[PDB]
Amino acid sequence: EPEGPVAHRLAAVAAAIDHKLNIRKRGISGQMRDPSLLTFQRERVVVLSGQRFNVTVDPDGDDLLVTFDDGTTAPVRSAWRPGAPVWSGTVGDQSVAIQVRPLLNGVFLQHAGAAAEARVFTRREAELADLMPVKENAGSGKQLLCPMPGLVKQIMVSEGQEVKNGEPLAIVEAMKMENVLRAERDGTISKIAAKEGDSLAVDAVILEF
Amino acid sequence: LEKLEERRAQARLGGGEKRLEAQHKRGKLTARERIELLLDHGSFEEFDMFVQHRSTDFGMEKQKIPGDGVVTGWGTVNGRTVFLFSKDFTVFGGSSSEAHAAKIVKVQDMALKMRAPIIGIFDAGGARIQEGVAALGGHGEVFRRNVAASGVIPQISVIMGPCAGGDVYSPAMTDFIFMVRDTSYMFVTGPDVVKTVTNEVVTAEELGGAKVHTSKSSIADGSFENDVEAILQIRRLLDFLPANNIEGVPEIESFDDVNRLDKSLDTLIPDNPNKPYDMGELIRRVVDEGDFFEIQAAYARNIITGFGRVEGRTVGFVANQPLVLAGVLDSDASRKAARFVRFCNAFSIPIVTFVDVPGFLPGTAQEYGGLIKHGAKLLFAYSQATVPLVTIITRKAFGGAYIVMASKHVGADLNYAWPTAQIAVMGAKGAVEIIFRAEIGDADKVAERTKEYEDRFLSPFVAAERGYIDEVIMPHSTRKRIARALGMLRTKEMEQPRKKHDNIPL
Amino acid sequence: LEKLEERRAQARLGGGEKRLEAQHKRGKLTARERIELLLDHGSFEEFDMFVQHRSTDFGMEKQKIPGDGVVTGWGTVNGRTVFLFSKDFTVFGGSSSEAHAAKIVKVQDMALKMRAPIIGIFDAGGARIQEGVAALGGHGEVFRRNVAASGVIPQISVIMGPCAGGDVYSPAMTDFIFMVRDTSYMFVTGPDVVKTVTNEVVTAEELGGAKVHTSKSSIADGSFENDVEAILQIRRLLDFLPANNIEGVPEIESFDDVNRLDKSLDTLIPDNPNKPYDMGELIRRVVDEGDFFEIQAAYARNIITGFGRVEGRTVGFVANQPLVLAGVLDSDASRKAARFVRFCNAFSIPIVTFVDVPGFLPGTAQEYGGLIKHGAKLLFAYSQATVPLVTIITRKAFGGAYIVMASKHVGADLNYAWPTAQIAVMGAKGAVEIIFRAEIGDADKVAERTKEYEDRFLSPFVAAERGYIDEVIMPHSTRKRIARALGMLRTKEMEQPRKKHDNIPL
Ligand SMILES: CC(C)(COP(=O)(O)OP(=O)(O)OC[C@H]1O[C@@H](n2cnc3c(N)ncnc32)[C@H](O)[C@@H]1OP(=O)(O)O)[C@@H](O)C(=O)NCCC(=O)NCCS
Ligand SMILES: CC(C)(COP(=O)(O)OP(=O)(O)OC[C@H]1O[C@@H](n2cnc3c(N)ncnc32)[C@H](O)[C@@H]1OP(=O)(O)O)[C@@H](O)C(=O)NCCC(=O)NCCS
Ligand SMILES: *C(=O)CCCC[C@@H]1SC[C@@H]2NC(=O)N[C@@H]21
Ligand SMILES: *C(=O)CCCC[C@@H]1SC[C@@H]2NC(=O)N[C@@H]21
């Protein structure tokens, strides 16, 4: 995870992105009265993979100014456009490029060998988000069942081999179309039940971790 | 008077501090917190804060709680007017009384009158038993209004707790249902009755949880990790949708260019006819800025449906997905696509369709389950539509499936094809077997006939020669062509014949 | 000239005398014999006798058969105009080609233009392979027109032989499908592909025969012993139906009396509540002359749907059937009743409903199968209706099921109840167990509370006190009341809000 001047930079960038989008979003057609009559809150909370930053955002003519609780400021400038996979620009007298990917209600950012999920709230939205509990995934176990009936055309692993999540394990053919089965968990291959040439029914055993 | 402030602050506590804390302990927000997060800051105007029930049976006269278990009103989302109600689980389990239903009816009437959307948030257990038949009457009136609004204003439902008994039929008649994982469930009859009648032992989650309703039953349009995420995504969805069936789609300023080409698409289709590809990649490279809102993602994954934007305007998308069941059309997929097409047509949203289909799914399970009528539903939907329709064949288009998927013959405006398209009555070998049935003995002759048939007929050019395809286009131009077509098509004027309503299969 | 008579006589032979004798040996009539039997004597005017095909591939230019495999035209049934087409199985297996499809399109267009019914008789095998993509095009043009006519003119389909592939979707979009036992079948995909893909070995009869489509799949509305019986029953049915959506139901002169009382009905309901009775007997005692045309008799027998006459005018009937599944509502029954209500309303036919319903069917199988939406379908259809609705509660009416079955709350005009009606939120036992849960340990107080709840609430009188029931009537007056009410309600005038179309769930 990020720490020190790195994290700060990322946080600032997050704010900027949010701001930009919000501006555009407030120009939607069909509103009851004019948007110029609305208000933008200055105080924001950037949550960065379990690390909170209270910030203040102010538009400096064309660029942005992000102020932290420590009194330290950061001007942000870029020509990034939503859709581009690289945010290049300047954050307080320093040139940076961050890898941006979209995320549900946020972004995923990579910079200086660090990666973080970034979400931007208002104060009240943040305190309501703090009421939500952290959930743990159940976790797949012990089996690789065939989800479709078809023929086994290839097996890429061997017994006693270790695999990492998302790795291909077999190929099943049905209705003249291949289907790659991938590992859902990390582990080691213990047994192989079926191998090339045999037809399998739905929910049949191919192997077990 | 400070006394009115006291009365208000006392109405704002529902059914007690400890019940509110028990709600927060389950990980759930309260009705009023949900409203506060959905609407713009400071915009909420509330109705009927002081309403109370009037029953005198079974000791109900001794507990009169202000608001009667529902919070109702109106506000703005990104400046646009919306109406809403939010049920309070801490007040008689969120159950619906006469006055409860009267409040909901007031806001339904107002939403239809001013032609604006309506959002319902559900956390409750149905008709209040103590109020007997009276409660049922209430439910009925609400139901009536739902049906009156179908196709006039968008209606969204958000299930954030228990929804059992009659309650469930109200969301069922709305345009979209969303659910929260691990804290919500829906069913008509509950586990105890299931046990006493069928001897099955099942929990509420196993009977009616989010997984069941997003992956198996066809009921739900999507699930979310918690309340906050769900509400933020509802805010996101509302910005795509028209306010009513008059005004048209909303428009925003786009950061994307409508003249950009994409060389990568020229390699998307593999050279091997038995290797698949991800249609979603194409959808996300065509829409503005990569932004796509998927509907029923976890259900019938052999077909994709959702909303994107082109030139800042909302467009709907339907596509075959080769990664799942070889992209075949089945009954589940047909139903999923048919309802989406019907909604978009009702609210004047244009539709783009990406076609790669080899046929229908064979077997006794499909036929005994009624595939004839289920697949007829999607054909009906497309052929009834009067909004713009743009279709693109990337790959296989065989048989009746080709007709169903927004073909020129059922009323599509523009029909394109990539150079890799194969438009034919069926695959080559089967066609040759049927044509040359009296000579299926030899082997080299069969291979020769099949080669000839494939070289003549498994291509886009026979269709082009007859005018069934308007143009054969290079992949890298797809977006550029789409965006132009839609612009030109914005003036389309067409109407079906005069009737009370059609008689679509059900 | 005799040469014209020769050409006509030659066209009248189809694919040859041998193939026609083979058709007869199978126990089937010819297309022209079917037309002759359906229409009034001397009324048939035939179109497009000499049409030929224009294909030049696979040696098809050397066998040009006049008619191209379908007989088309118009005539009269009991003096009223009808349009029709009939497929000729002896000509390229009744397969559909370009000219074939154009012939069908002509009569579809004429039927819509003159606002008269259309009858299609199917004995064929789908798209003619040798014509390739063009064939499919033709199919599409037919499909479109089906959809255009839905809810404007009645469309009937009669399956009197094989019907496979793209063909089957045209009947699916029509209002009624009837089948002939042991000689007809319908399926999208045939047994050979089923064997190749699924390894199942099945016959055509076992895959898509009349039993399958009349008892399991929901596709067919009825079956018949042979061609002659089927065609005579189609005549009978046409005598019930309106010509179009404006003219209203036909009228005949009745031999019955509208003021007769039926004492038998006073003893129909048994004293023991755990014992059933046949609701079809009540139906057949209320209609004129005991004449009743039942729709989907063999499917979802827990509910009854059909046509009768009162005072010489057509009336639709819906009713719960205690003899099957205790009369509960389930998904299949819901869909069955919903399509019927929709048809009736579209064509201005009044609806009478008989209610005896304890609730919905419980179980994981119903919930995973989508009972929420399937059940919402019937509620929707009733709540949308603008034709006269008359309802009679004979016995039990509990919970949401009470609301769904044409309740005052969903817009019914007149609601009656017999003295035996039990209108309540639920049964007494369950109601007390939920209300008095903190004292469920005892057994004597339990029975006391149960008896008092039974006495107070399981009756028609609370609903009467609230105005949900217009009148508690005596059984022997039922017909006399119905006939009067319908007479008064002929002038009803209501309209749903303006929209392209609703968004009923699918
Ligand atoms: C909605 C439901 C799934 C919630 O169950 P649950 O979370 O385990 O919680 P409870 O049963 O404690 O319900 C919460 C409260 O709401 C009340 N309540 C729930 N549903 C109600 C209804 N339809 N009418 C009246 N009050 C109701 C409860 O009786 C209880 O209040 P309490 O704290 O004073 O005891 C379940 O109560 C239910 O089925 N309700 C519908 C009606 C019914 O059949 N209930 C009993 C059969 S088990
Ligand atoms: C409709 C069908 C179910 C009836 O099958 P059936 O009663 O056993 O009879 P047949 O297949 O012998 O059909 C009678 C004739 O119609 C012809 N025919 C049937 N369907 C046809 C079609 N779609 N295109 C062209 N000709 C067709 C057949 O070639 C046969 O001709 P013949 O007497 O000169 O040999 C069947 O033929 C069929 O499935 N046809 C659709 C096309 C197809 O998929 N056929 C391959 C499997 S049969
Ligand atoms: C070749 O091996 C034939 C099998 C592929 C046939 C497929 S199954 C999916 C489509 N449905 C259909 O009727 N035919 C196609
Ligand atoms: C008594 O034995 C209680 C169980 C029977 C209840 C029946 S099942 C059919 C109806 N549906 C329902 O929920 N209750 C009724």
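What is reported rests on the model, the rules as stated and the sources as named; no laboratory read-out is quoted. Cβ coordinates were reconstructed from backbone atoms using ideal geometry, including for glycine residues, and neighbour counts include every protein chain displayed.
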Could you look through the stretch B:340-371, keep only residues that are part of a helix (DSSP H, G or I) and free of Cβ contacts under 8 Å to residues at least 24 places away in the same chain, and pick out the one that is farthest from the other protein chains (Cβ to nearest Cβ)? B:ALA365
Considering residues that are without any contact (Cβ under 8 Å) to a residue 40 or more places away in the chain and within 7 Å of chain C (Cβ to nearest Cβ), the number found within the stretch B:492-505 is 5
Kindly indicate the residue of the stretch A:131-172 that is away from chain B (no Cβ under 14 Å), part of a loop (DSSP other than H, G, I, E, B) and hydrophobic (A, V, I, L, M, F, W, C) and also nearest to A:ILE189 (Cα to Cα) among those meeting that condition. A:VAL157
Considering only the stretch C:100-111, I want to know if a residue exists there that is in the same structural domain as C:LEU29 (by CATH), outside any helix (DSSP H, G or I), crowded, with 23+ Cβ neighbours inside 10 Å and more than 16 Å from ligand 1 (Cβ to nearest atom). no
Do you know which of the residues in the stretch C:1-42 that are away from ligand 2 (no atom under 16 Å from the Cβ), part of a helix (DSSP H, G or I) and free of Cβ contacts under 8 Å to residues at least 40 places away in the same chain is nearest to the other protein chains (Cβ to nearest Cβ)? C:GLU33
B:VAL197 meets each of (1) part of a helix (DSSP H, G or I); (2) within 13 Å of chain C (Cβ to nearest Cβ); (3) buried (at least 24 other Cβ atoms within 10 Å of the Cβ) with one exception, condition (3)
Yes or no: B:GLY306 among the small types (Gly, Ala, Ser), within 14 Å of chain A (Cβ to nearest Cβ) and touching a strand residue (DSSP E or B) at 6+ places or on another chain (Cβ under 6 Å)? no
If a residue must be of a type outside the set (S, T, N, Q) and either within 14 Å of C:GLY165 (Cα to Cα) or in a helix (DSSP H, G or I) (or both), how many such residues does the stretch B:372-396 contain? 11
Can you name the residue in the stretch A:176-192 that is closer than 11 Å to B:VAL324 by Cα and aliphatic (A, V, I, L, M) and is also nearest to the other protein chains (Cβ to nearest Cβ) among such residues? A:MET177
Report the residue count in the stretch A:107-124 for those that are surrounded by 18 or more Cβ atoms within 10 Å (Cβ to Cβ) and not hydrophobic (A, V, I, L, M, F, W, C). 2
Please go through the stretch B:37-64 and pick out each residue that is surrounded by 18 or more Cβ atoms within 10 Å (Cβ to Cβ) and among the β-branched types (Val, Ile, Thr). B:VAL51
Considering residues that are more than 10 Å from every other protein chain (Cβ to nearest Cβ), of a type in the set (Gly, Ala, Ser) and either within 20 Å of B:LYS336 (Cα to Cα) or assigned to a loop (DSSP other than H, G, I, E, B) (or both), the number found within the stretch B:221-264 is 2
Members of the stretch C:91-129 that are among the polar types (S, T, N, Q) and either within 16 Å of ligand 3 (Cβ to nearest atom) or more than 23 Å from the chain's Cα centre (by Cα) (or both): C:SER95, C:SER96, C:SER97
Mind counting the residues in the stretch C:162-179 that are more than 7 Å from chain B (Cβ to nearest Cβ) and either of a type outside the set (A, V, I, L, M, F, W, C) or surrounded by fewer than 23 Cβ atoms within 10 Å (Cβ to Cβ) (or both)? 7
Inside the stretch A:20-81, counting only strands (runs of 3 or more DSSP E) that do not spill past its ends, which hold 2 or more residues that are in contact (Cβ under 8 Å) with a residue 12 or more places away in the chain, in contact with a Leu (Cβ under 6 Å, 6 or more places away or on another chain) and farther than 19 Å from A:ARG123 by Cβ? A:73-78
Hey, A:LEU64 farther than 14 Å from A:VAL46 by Cβ and among the hydrophobic types (A, V, I, L, M, F, W, C) or not: no
Does the stretch C:420-460 hold any residues that are more than 16 Å from ligand 1 (Cβ to nearest atom) and surrounded by fewer than 15 Cβ atoms within 10 Å (Cβ to Cβ), and which are they? C:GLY441, C:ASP442, C:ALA443, C:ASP444, C:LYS445, C:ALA447, C:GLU448, C:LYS451, C:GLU452, C:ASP455, C:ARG456
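Within the stretch B:173-195, restricting attention to residues that are farther than 23 Å from C:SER334 by Cβ and hydroxyl-bearing (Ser, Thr, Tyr), which residue is farthest from ligand 2 (Cβ to nearest atom)? Working first, answer last.
The initial filter retains those residues of the stretch B:173-195 that are farther than 23 Å from C:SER334 by Cβ, namely B:178, B:180-184, B:192, B:195.
Now drop any that are not hydroxyl-bearing (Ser, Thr, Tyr), which leaves B:183-184.
Working: B:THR183: 51, B:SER184: 47 Å.
Filtering first and then ranking leaves B:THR183.
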Please determine whether any residue of the stretch C:301-314 is within 16 Å of ligand 4 (Cβ to nearest atom), of a type in the set (A, V, I, L, M, F, W, C) and either in contact with a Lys or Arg (Cβ under 7 Å, 6 or more places away or on another chain) or outside any loop (DSSP other than H, G, I, E, B) (or both). yes
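Taking the stated definitions as given, is B:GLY190 within 11 Å of chain C (Cβ to nearest Cβ), of a type outside the set (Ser, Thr, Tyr) and over 20 Å from the mean Cα position of the chain (by Cα)? Working first, answer last.
Values: within 11 Å of chain C (Cβ to nearest Cβ): yes; of a type outside the set (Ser, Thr, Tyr): yes; over 20 Å from the mean Cα position of the chain (by Cα): yes.
So B:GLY190 fits the description; yes.
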Might you check whether a residue that is farther than 17 Å from C:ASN345 by Cβ and either among the hydroxyl-bearing types (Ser, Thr, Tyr) or within 16 Å of ligand 2 (Cβ to nearest atom) (or both) occurs anywhere in the stretch C:427-449? no
For the stretch B:424-434, check the following and say yes or no: at least one residue is more than 25 Å from the chain's Cα centre (by Cα), facing chain C (nearest Cβ under 7 Å), more than 17 Å from B:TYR382 (Cβ to Cβ) and part of a helix (DSSP H, G or I). yes
Any hit, the stretch C:145-153, residues being in the same structural domain as C:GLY27 (by CATH) and closer than 30 Å to B:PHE457 by Cα: yes
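Of all residues being of a type outside the set (A, V, I, L, M, F, W, C) and part of a loop (DSSP other than H, G, I, E, B) in the stretch C:136-172, which is farthest from ligand 2 (Cβ to nearest atom)? Just the residue, please. Explain how you work it out, then say what you get.
First, pick out the residues of the stretch C:136-172 that are of a type outside the set (A, V, I, L, M, F, W, C): C:137-141, C:144-146, C:150-151, C:154-155, C:157, C:161-162, C:165-167, C:169-171.
Next, from what is left, pick out any that are part of a loop (DSSP other than H, G, I, E, B): C:150-151, C:154, C:161.
Values: C:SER150: 27, C:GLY151: 31, C:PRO154: 27, C:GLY161: 8 Å.
Among them, the one singled out is C:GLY151.
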Please verify whether B:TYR402 is touching a helix residue (DSSP H, G or I) at 6+ places or on another chain (Cβ under 9 Å) and more than 7 Å from every other protein chain (Cβ to nearest Cβ), treating the condition exactly as stated. no
Hits in the stretch C:204-227 (condition: out of contact with any helix residue (DSSP H, G or I) (no Cβ under 7 Å at 6 or more places or on another chain) and of a type in the set (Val, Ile, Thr)): C:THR214
Just need a number here: residues in the stretch C:402-419 that are within 16 Å of ligand 1 (Cβ to nearest atom) and out of contact with any strand residue (DSSP E or B) (no Cβ under 7 Å at 6 or more places or on another chain). 1
